[PDB]
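Both blocks below hold the same protein chain, though in two forms, and each is given as structure tokens: structure 1 and structure 2.
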Structure 1
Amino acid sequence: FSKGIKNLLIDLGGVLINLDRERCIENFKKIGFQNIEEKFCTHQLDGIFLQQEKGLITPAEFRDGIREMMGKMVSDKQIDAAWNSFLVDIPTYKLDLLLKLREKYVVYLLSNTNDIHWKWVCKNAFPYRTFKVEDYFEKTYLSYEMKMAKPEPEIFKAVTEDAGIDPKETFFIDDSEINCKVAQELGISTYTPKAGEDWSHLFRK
């Protein structure tokens, strides 16, 4: 599209699901993690946060880590609630779009995420009418299952290799410029949506 595109790799954060850093911060202060900002910066993740993203630690360990940094007992589900408040919604017109794109492309998800967040979006964002997450994607490639994260070159190679697809026939939509620049090196074509951009214009005749 015109470019012999057969496959789409779709990012999750921003591109599909709206995010809210401030709300997450506030909810974390509320439960008594007053210095949440010192320790957390999704723009440049560190420590346990980076670790969970590559699946180097379990959710249980993530929660102890959080408990330890807070110096205070706070229940698993209270921790999960604050962490999950980062995630907002996938607008249903994006789900419609993914469903429509199935007619012409094989569609994959490639996402830096973690087990807590993933379970939340599978439960709360993807279900729609009769559909679930499996309905939208041939496969979902998640950093914490792959033990790698964007923008490592190795992740884009692991995906095209695992999927049996040709990078030059693949189009990647990710709101991170660095992610896209690295994918381009492998010959993947890319588009970098702005925050809140409805990128369905990419598909118009």
Structure 2
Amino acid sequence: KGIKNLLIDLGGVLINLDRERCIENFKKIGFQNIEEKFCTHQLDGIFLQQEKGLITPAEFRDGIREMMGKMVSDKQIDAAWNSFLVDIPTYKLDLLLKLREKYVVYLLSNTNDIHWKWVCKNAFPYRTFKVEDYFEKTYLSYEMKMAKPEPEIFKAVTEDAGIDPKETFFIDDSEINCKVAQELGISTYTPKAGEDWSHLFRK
């Protein structure tokens, strides 16, 4: 009945995102028809694969270069890709640190190696803290080879962490991710974009 564990999403829930900026940054390095490729769906394949760790970062970049027909550098590709990521506001880092007093806090994120490296270097470090300080464990799609909202990802987390779904609260801005978690017995909250969800924890 009582909540012991939190499962927190990264994208949106912690880190602000900017798809427009990322798309435009790709166009600037030469991916002229990236919006045109998005419809083609040639893209969705490479992004979905990266998200499940099914291709390496080297493959991802090669795949981008191949779709661009241009020999842009890894540094360029990473910069354009990482520009999807904006910031984790520090009040959310304070909140995570505080929540640890009462809850075992886990991260459960669909993400990829390039983005994860970026947030660990540029968003999580704060005061004397690093990413290891906020979470008991970080569950990442690309490491797990599964992605939300597949039921198996949630079951894998609860099995690995050794937790009761019924004692678990999941915060994720995707409605379908939450509905799947609910079917497993996990309680959920679906914040809106830019929502400060600290209100959930007011005494």
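C-alpha atoms forming the largest set that superposes within 1.5 Å between two forms make up the rigid core. Start at 1 and count along the sequence of structure 1; that gives the residue numbers used here. Shifts are known only where both forms have a C-alpha.
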* Might you check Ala163, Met148, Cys180, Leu45 and identify the only one whose CA position changes by 2 Å or more between the two structures on rigid-core superposition? => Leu45
* To do: After aligning on the rigid core, report the distance the C-alpha of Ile36 travels between the two structures, in angstrom.
  => 1.4
* Name, in sequence order, the runs of three or more consecutive residues whose C-alphas all shift 2 Å or more between the two structures, counting only residues present in both forms and superposing on the rigid core. => 38 to 45
